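Report on the structure
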Amino acid sequence: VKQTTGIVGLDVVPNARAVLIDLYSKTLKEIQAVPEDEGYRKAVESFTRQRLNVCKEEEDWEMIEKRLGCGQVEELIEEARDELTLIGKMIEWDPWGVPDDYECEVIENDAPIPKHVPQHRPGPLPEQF
Amino acid sequence: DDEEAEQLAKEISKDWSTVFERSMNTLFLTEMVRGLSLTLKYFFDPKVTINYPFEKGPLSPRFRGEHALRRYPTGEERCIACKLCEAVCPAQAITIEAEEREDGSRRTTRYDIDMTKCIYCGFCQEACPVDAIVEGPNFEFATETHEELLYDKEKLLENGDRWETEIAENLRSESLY
Amino acid sequence: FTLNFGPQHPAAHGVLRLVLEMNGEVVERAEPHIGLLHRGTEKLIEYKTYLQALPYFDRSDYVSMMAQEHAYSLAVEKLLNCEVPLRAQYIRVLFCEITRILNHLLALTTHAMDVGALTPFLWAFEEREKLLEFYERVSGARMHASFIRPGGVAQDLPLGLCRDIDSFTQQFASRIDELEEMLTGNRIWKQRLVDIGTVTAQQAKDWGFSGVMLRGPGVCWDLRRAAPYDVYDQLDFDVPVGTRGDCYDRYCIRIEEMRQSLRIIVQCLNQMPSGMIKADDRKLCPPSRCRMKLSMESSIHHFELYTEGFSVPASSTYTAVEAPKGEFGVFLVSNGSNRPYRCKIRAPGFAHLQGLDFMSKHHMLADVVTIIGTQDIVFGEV
Amino acid sequence: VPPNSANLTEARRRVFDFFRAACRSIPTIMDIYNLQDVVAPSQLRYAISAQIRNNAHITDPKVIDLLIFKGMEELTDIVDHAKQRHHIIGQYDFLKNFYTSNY
Amino acid sequence: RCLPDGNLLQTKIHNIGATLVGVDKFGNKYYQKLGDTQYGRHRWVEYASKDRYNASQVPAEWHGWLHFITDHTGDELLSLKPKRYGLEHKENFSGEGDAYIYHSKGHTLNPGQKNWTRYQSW
Amino acid sequence: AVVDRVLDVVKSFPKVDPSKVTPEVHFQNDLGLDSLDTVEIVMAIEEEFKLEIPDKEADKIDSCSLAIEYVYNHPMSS
Amino acid sequence: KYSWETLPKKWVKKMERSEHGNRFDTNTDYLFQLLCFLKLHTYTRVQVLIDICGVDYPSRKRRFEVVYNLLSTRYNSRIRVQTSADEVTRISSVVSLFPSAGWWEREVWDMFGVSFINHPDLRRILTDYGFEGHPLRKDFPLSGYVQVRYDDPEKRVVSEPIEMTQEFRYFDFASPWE
Amino acid sequence: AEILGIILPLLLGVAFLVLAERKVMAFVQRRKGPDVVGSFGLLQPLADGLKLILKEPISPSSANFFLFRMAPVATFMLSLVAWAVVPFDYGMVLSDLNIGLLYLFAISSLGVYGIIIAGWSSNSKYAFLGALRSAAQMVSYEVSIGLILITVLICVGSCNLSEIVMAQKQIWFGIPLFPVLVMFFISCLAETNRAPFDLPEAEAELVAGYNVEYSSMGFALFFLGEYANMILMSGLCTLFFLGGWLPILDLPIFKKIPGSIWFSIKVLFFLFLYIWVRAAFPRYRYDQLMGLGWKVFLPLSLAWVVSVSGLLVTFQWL
Amino acid sequence: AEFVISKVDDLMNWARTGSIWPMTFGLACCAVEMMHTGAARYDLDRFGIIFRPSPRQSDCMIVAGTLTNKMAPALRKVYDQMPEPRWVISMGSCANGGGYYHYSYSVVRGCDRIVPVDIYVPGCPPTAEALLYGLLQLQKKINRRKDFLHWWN
Amino acid sequence: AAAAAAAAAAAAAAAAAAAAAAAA
Amino acid sequence: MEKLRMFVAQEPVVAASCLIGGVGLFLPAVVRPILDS
Amino acid sequence: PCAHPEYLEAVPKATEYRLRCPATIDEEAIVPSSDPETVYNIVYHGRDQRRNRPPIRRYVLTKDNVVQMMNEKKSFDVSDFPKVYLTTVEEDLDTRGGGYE
Ligand SMILES: CCCCCCCCCCCCCCCCCC(=O)O[C@@H](COC(=O)CCCCCCCCCCCCCCC)COP(=O)(O)OCCN
Ligand code: SF4
Ligand code: SF4
Ligand code: SF4
């Protein structure tokens, strides 16, 4: 029923829920190939499970958007497909694990920045609907 | 998709006496005759032009034009050679050499602003402590030859005495800022 | 078949030196050549103090001057932590927005003069010569008003500038309407612009467009709504966002963005607090002429701020404002010294003019000037 | 081009590749910029070889990679009419110094 | 009049309703036609050299009033021009022969070409 | 035929000595040349005989005799 | 920050900051791989290479520092992945991920000399055609080496002789006590 | 002969039309046009001329003097000879041809030669293809002008231009066939280049679009030709459709009704319309332009010949 | 006498000073100020100045903005194809002399290094009237030509 | 040439602001 | 008819030429025989 | 019959505009420099912004620390994820204020 995504190029998908379920099942199945004790797999598993769950529960694309507050289901499909690309890419040139030396210097400068300076404010919470 | 988009964007205007409205606009130019009508209204209206040499565009006392070294009312060049403008200059146009004159009070033996190598940003007017260097609203000093455009050491920037009557006015009105 | 499509009308797009590999009249690839306007700006700024660095920014984009000084100032306050007053912010926006108007008035009707409409150019340039009566009145120079200094703003408005900006804003909706009635309705315009240089949003994101070419495609992304960097979080204005992406949407945006900028000007006028003009931190803001002459401690700062500089602490930030061309950001690495250290200037028109290659593929050779039109390509930033 | 120069051997191989490229491109060089009368192919080969030999003592592989890249840049800007021709024709004891300056 | 060969005719088509506000030493008649219309065109100057005129002949006493920077006619700033160092205008003799044009102190056209060698030779 | 002209182009080479050149001379053994000079002589071969000599084979000509047995076998000899 | 938890620890190798814009000073080998992450990822979606800022630290051992800026139009955040590659280290090119990186990397190579791996059309973009030398380095003098260009008997031609000009006056404003 | 009395005043007309265009198109843009040279820029055309005449050539190249040094002569001679049959008042046509209109059509068909030759002698592939595109445009809006003239001819008895302007004593053909005047004007705009229809005349592509050896005389002669062709093709929208030299016929006491003055007033209206419509409208791109002469002004011209033939055959109005 | 020569020089100079169409090498902002000097307020079509888009037929060439070392050959090639009674105006500090970028490696130290210049409009962003006064000085440079008197030696 | 022609048809003009018109 | 309106909207000048031309192929077809009186 | 709905009557020619030319000081501006609370109280280290900042704390992470952190991160529950910048488009003609701002 969706007329069009305001975004150009992101064509409205009628079968949004079905392809979303497909993509999230593919993602859950493909993420198994990364070691379990990697933050990437915990993240993918968690948010893919949440979105697959909310996509299975709700029926309309509008309710998928309303509960799963992540924009539009077309952009959600873009995100899921890009995530599948990343998991099929991460399998290759596997970066998992930490080499023995692992020198990573976290640097924190806490100087306050003046308020009237570009500061990326958070934006509306998923109570936009 | 563009095929269906066309089909629908043409099935939006598909009711008689709306196809007729759009046909009439294409058949007899309507948007275009509104262009010609506006253009005519401007053909007959007064003209925002300025016959230049006789009347010139509006400026402001903050206007930055030809640099002029100011003087104190009682002669004595205001330019003590601190070199702050030579320092602040972004383009490094001003070359200042200083010498204790025989009177004993410091003064610039060489104060040459290179107008061609100068960005007219007014930093020199701000940086100078005594308002020794200011930009006169002249802005009309196009020179036939480049060497003239390099303003000599304290001799041509000393022509600000002619412009002092306007520079003193602009400073008396801008100093509030 | 290679064609050395240069500047069609000089004095409008100055050093445009495309090398089009054509196919009859259909362009197969457009290879822009940069460097013809490559002044050593990203090197010369490493050699001068943070104050001497500011005049380069009004000379980076020559049709929207103060937006870049405002992007630099916000990059030497991001480091300095230099809180500026409310009046400095309101003036700074009332002039960043007057600059958005000064740019869209040029980048619309210079584009509309490349397309062929000769009169919108001269009407919009009478409007621009009204707004340069504000630039020239508030700072001094009609174009390069080195006015938005790091701490706050150079010097307060004259005592008659808000009245004149109001008397201009009242009569500026009509000028936008004329620029619109003369170009928006025309079938010779739509035909010259509709479905020209259409950029799907994925392309406008990929090629880092981030301007009026990122809101054509429909990506609602304005760094005044995303990253409010002044009173913008207080000022009300709607960011017009296109729905097709064609050069006719970007024109309609630039002609609505020229009205929302009018809203922002009228707000900044109606709510401009009578406060100090520069940050009270006199080690980042040179004291007034009156004070430095009367106070010895102010004189020392006026001396070490117009010769030494700030010496902003060691850091590296990317401050990006919404300049009229797009997201003009100045990545300012700062060694502790008083001179910047690789003040890199991300300038839209370096990312937009990249888009010319894919925007003007399969468009006719006469469209390659329309694309360059709607990209607002100003080669100072490229 | 990725720096496959994990050793001087691959770097030298691609040096010979660039040398063959420049040599087999000398025809267009002589054509576009009209040196087929002032300079002989032997002389242009001589100059390219004297270039590649003048910088032959580079025990560093990546420096050789970058030198070959600068050379390919020069060639590609000579092949096409990007640079002019009056430099291509130019590209091809103590007392006598003391008398002139102090340096 | 008698100049149908210049835009001076546009100025003389002005002055029809304009009032004459002062006239400087050189003869330039400074006019004002306000109230009627066309802001920006309500202050001009009739150069009193109907040929060979150019800009910058307007002295500093009036070059303020005439560019709308101030509202003080040159007959009012003439009581503020400094008597001790005050200098008359010079019309910007750019190109009109040497010794009228300006010259730096090494141009070899300037009488008294100074030598900059900081070392004093022996 | 081809032997005479390959000999002449090795002789006239600006980095050799015409004496040691012989139908048995070697670029590194008897000519004392650098590998760059070998590839240059191969370029001279393929520009004098108009052949398109691949680099993978051009590397393997180390003596004038191999130059002969590679300029003869070209079916596209000029 | 979420991005540091999911990211493989090895990819953010050397450094990581937490203000003035957050950065992941990574290693040149894991760079385009790190740029592959943060893009085409559901919770980190940048998609927009804003800028590629070459920065030259002469006193380092890895002279340059190719500072990739990155905007995330989705989550409204900006991350600055960095690297470090000296004058003769070809660094991975991310024109394949963000096609805007083409001209930015041409400029980084032109100004500095940090050649980019598998970057198609890696050609001097900004400087002159016959330009030798890399300007935005530190050791490159401001006025350039041979960069005066004047007309001459070689008519219709502007030569490129050695340079001579009013000496750029470097002012030593920097004061003690910092 | 008396051909001087029709070429010299036309030369002055073109020279002052360059100024009339600059000045009107400037007044449109809220700015006075050429205004310093003469009393009101009236000497500005003479200044442009006397400048172009005193400009040294870039290269003498008097060798190639039969190829493209007589091709601008040909274009200009055609633009000037199509003025013979144009009648300014009753019995003021220089040569009343009983097939006058068809002669104008032939003069256009030879102006096609003028353009093609003067573009081919310019050994510039871009400029030659531009001249060929301009010729194809000038000749594609000639079938539409042809059919428009067939309409105004059906209304009239004969092709005699003095008759076509004498056949409007009752009503100008601008009033009933106004839709046709709009199509003749929008074609005369496109037949000549000076129009919303001038992509080959896009400011830059025009100068580099007619010749390589300028010498100034070529530049002036092309522009003098374009401005005479414009005075002519505006002196046709005023013979055919407007009453050639006819008043409104109210017969005023204040107005003694001179003929040539009425023809002048109307051709001034159409010249001012040329200027106004150059100012206010964007260019058509030559790819929508050729798709407007075939797909828009040929069907709407064919329909008009069938409409003005039908409505005049049913009711015996012929 | 000589009076006829004086008047024919006055006439030639009046022509070349009335209609002086410049090839406006509008590089950078001084082209935006030049566009304001071509705009409605300060007409340049008033003084006859018609901004030509081609170097082929142009009496002048108002080079503006930063002449880059890469746009130096193009400026020279354009200046070489103007008809001989040509003049050049340098507009803005970057075009007349080294300017803000005098010490930039890529910026020529003033177009006076590529083309011979006849009137340098002063001021880095010259006021539109200042460029207009520079052109009214080029008009003086024409009025001082007397080319016929020199052709008669 | 099979190049995609610029079809001058589209959807009708409807000014599309962002959702932050009244209450962000 | 829906497609007829879709054709007189998308292509106004070939649908108002086959109607400014019908009035010419229709007047002498029927309006002239009507004029027998 | 054009863009003149009694609103273009705001015409460009002003004729009464900058009625007080700028350099005429009818009212002498004041342009405050410092807030009144910071005139006679010039203590700076409290007001300082350049140097009044926490120092950079650059501490190294070794493999032990990051494996500890990876094991500590048990699950990525919602609100451990970056929020989306939600922005939809919505057609509006002149409803904001009624066209009058
Ligand atoms: C209200 C009066 C109008 C007067 C207008 C005067 C203007 C004269 C000066 C020139 C104006 C600008 C010229 C513009 C050129 C382009 C015009 C053009 O071709 O427009 C469209 C066509 O316009 C014309 O052809 C106009 C010509 C009108 C002729 C008559 C039309 C029908 C007449 C009906 C007669 C009714 C009575 C007859 C029977 C009783 C083309 O279609 P499109 O691409 O713009 O959009 C649709 C695409 N499919
Ligand atoms: S305005 Fe003053 S400080 Fe700035 S460059 Fe010019 S002379 Fe130097
Ligand atoms: S002009 Fe000002 S800054 Fe320069 S030396 Fe004189 S007093 Fe000092
Ligand atoms: S001199 Fe100044 S105004 Fe002119 S182009 Fe250069 S920076 Fe711009």
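All residue numbers given refer to positions from 1 along each chain's written sequence rather than to the entry's numbering, and residues for which no coordinates exist are omitted. Whichever chain is written first is A, and whichever ligand is written first is 1; the rest continue in order. Consider the displayed chains a part of a larger assembly; each reported value belongs to this part rather than to the entire assembly. Side-chain numbers here rest on the full set of heavy atoms in the structure, without hydrogens or water.

Comments concerning the interface of chain C and chain G
With 50 residues of chain C in contact, the opposing surface of chain G contributes 49 residues. Both sides together, the interface formed by chain C and chain G hides about 4,300 Å², and carbon and sulfur atoms give 60% of it. Looking only at chain C, the three residues that lose the most surface to chain G are C:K43, C:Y341 and C:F350, adding up to 15% of its buried area. Salt bridges are defined by distance alone: a side-chain nitrogen of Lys or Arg within 4 Å of a carboxyl oxygen of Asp or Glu. Across the chain C-chain G interface, the total number found is seven salt bridges. The partner of G:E19 in a salt bridge is C:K78, with the nearest N and O atoms 3.9 Å apart. Residue contacts are defined here by distance: any two heavy atoms, one from each residue, within 4.5 Å place the two residues in contact. Buried area is understood as the total, over both parts, of accessible area removed when two parts are fitted together, assessed with a 1.4 Å probe.

Here's the deal with the interface of chain C and chain L
Between chain C and chain L, the residue contacts involve 49 residues of the former and 34 residues of the latter. Its largest share of buried area at the contact with chain L, chain C owes to C:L159, C:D280 and C:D281, together 15% of the area lost on that side. At the boundary of chain C and chain L, one finds two salt bridges. Here a polar contact is taken to be a pair of N or O atoms separated by no more than 3.5 Å, where protein atoms must pair a possible hydrogen donor with a possible acceptor and residues adjacent in sequence count only if both atoms sit in side chains. Across the contact surface, chain C and chain L share 15 residue pairs in polar contact. If you list the elements that add at least two residues to the side of chain C that touches chain L, you get α6 (119-138), α7 (161-169), α8 (172-181) and α11 (247-270) of chain C. The element contributing the most residues to the side of chain C that touches chain L is α6(C), with six residues. Residue composition of the side of chain C that touches chain L, grouped by class: 15 nonpolar, 12 polar and 22 charged. For helices the rule is a DSSP run of H or I covering at least 4 residues; for strands it is a run of E covering at least 2, with both sets numbered from the N terminus onward. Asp, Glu, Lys and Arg are counted as charged, while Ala, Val, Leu, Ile, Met, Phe, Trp, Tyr, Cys and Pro are counted as nonpolar; the rest, among them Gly, fall into the polar class.

Some thoughts on unusual backbone geometry
Negative phi is the rule for most residues except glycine; trans is the rule for most peptide bonds. Of note in this structure, E:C2 is not a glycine but carries a positive phi near 55°. Considering the arrangement of structural elements, one finds E:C2 in the segment before α1 (8-13). Positioned with a positive phi, H:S215 is a non-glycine residue whose angle comes to about 60°. Residue placement: H:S215 occurs in the loop between α8 (203-207) and α9 (217-234).

What about the side chain of H:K266?
Residues and elements named next belong to chain H. Secondary-structure assignment places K266 in helix α11 (residues 259-279). Note on classification: 1.4 Å probe, protein chains only; a residue is buried when its accessible area is under 20% of the maximum for its type, exposed when over 50%, partly exposed between these limits. Neither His nor the chain termini are counted; the positive set is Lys and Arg, and the negative set is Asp and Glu. Although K266 lies buried, it forms no salt bridge, and the closest oppositely charged side chain, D250, sits 9.9 Å away as judged by the N-O distance. With sequence-adjacent residues up to four places away left out, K266 is seen in contact with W172, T238, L242, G243, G244 and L246.

A word on the site of ligand 1
One heavy atom within 4 Å of a molecule or strand is enough for the residue carrying it to be called near that molecule or strand. Near ligand 1, the surroundings consist of 27 residues, among which B:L27, C:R187, H:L292, H:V296 and H:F297 are the closest. Chains contributing residues to the immediate surroundings of ligand 1 are chains B, C, H and K. In the environment of ligand 1, an oxygen atom lies 2.8 Å from a nitrogen or oxygen atom belonging to the side chain of C:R187. Accessible areas in this description were obtained via Shrake-Rupley with a 1.4 Å probe; residue shielding takes into account the shown protein chains only. Relative to its unbound accessible area of 1,200 Å², ligand 1 is 79% covered by the protein chains. If you list the elements that add at least two residues to the shell around ligand 1, you get α2 (19-27) and α3 (31-44) of chain B, α9 (187-193) of chain C, α7 (178-191) and α13 (299-314) of chain H together with α2 (12-15) of chain K.

Topic: the site of ligand 3
Taken together, 13 residues surround ligand 3, and among them B:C79, B:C82, B:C85, B:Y111 and B:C128 come closest. Of the residues assigned to the shell around ligand 3, the class counts are 12 nonpolar, no polar and one charged.

A short note on the sheet that holds strand β5 (residues 77-82) of chain G
Residues and elements named next belong to chain G. Two strands pair under a simple rule: DSSP has to find at least two bridges between them. Pairing is mixed in the open sheet, where four strands are placed in the order β2-β5-β4-β3. The sheet is open, and its two edges are formed by β2 (22-25) and β3 (47-53), each paired on a single side. The mean angle between the axes of side-by-side strands here comes to 25°, regardless of whether they run parallel or antiparallel. As defined by bridge partners, β3 adjoins strand β4 (residues 67-72) across five bridges and the pair is classed as antiparallel. Directly across from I52, in β4, lies its bridge partner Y68. Of the strands in this sheet, β3 and β4 are in contact with helix α3 (residues 101-111), which crosses β3 at around 10°. An axis is simply a line fitted to the C-alpha atoms; with a helix, the fit covers only the stretch in contact. Between two such axes, the angle follows the N-to-C directions and lies from 0 to 180 degrees.

Points about empty space enclosed by the protein
Residues and elements named next belong to chain H. Space inside the largest cavity adds up to approximately 600 Å³. Space inside and on the surface of the protein is sampled on a 1 Å grid over the protein atoms alone, with a cavity defined as a set of points where a 1.4 Å probe fits but cannot get out and a pocket as an open set with protein on both sides within 12 Å along at least 5 of 7 lines; lining residues have an atom within 4 Å of a point. Lining the largest cavity we find 36 residues, and of these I115, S134, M138, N193 and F222 sit closest to its centre. Among the elements that make up the lining of the largest cavity, the one with the highest residue count is α9 (eight residues). Of the residues belonging to the lining of the largest cavity, the class tally is 20 nonpolar, 12 polar and four charged. Grid points are joined across faces, edges and corners, and a volume is the space filled by probe spheres set on the points.

Details of the packing of helix α1 (residues 8-33) of chain D against helix α2 (residues 35-48) of chain F
Interhelical geometry of α1(D) versus α2(F) gives an angle of 30° and a closest axis separation of 11 Å. When the interaxial angle is binned, α1(D) and α2(F) end up roughly parallel. Note that α1(D) runs across α2(F); the crossing there is right-handed. Here D:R12, D:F16, D:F19, D:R20, D:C23 and D:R24 of α1(D) come into contact with α2(F), specifically with F:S35, F:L36, F:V39, F:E40, F:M43 and F:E46. Tallied by class, the residues present in the contact of α1(D) with α2(F) amount to six nonpolar, one polar and five charged. Here the angle decides the label: under 35 degrees means roughly parallel, over 145 means roughly antiparallel, 65 to 115 means roughly perpendicular, and every other value means oblique. Helix crossings fall into two classes, left-handed where the near helix is turned counterclockwise from the far one by less than a right angle and right-handed where it is turned clockwise.

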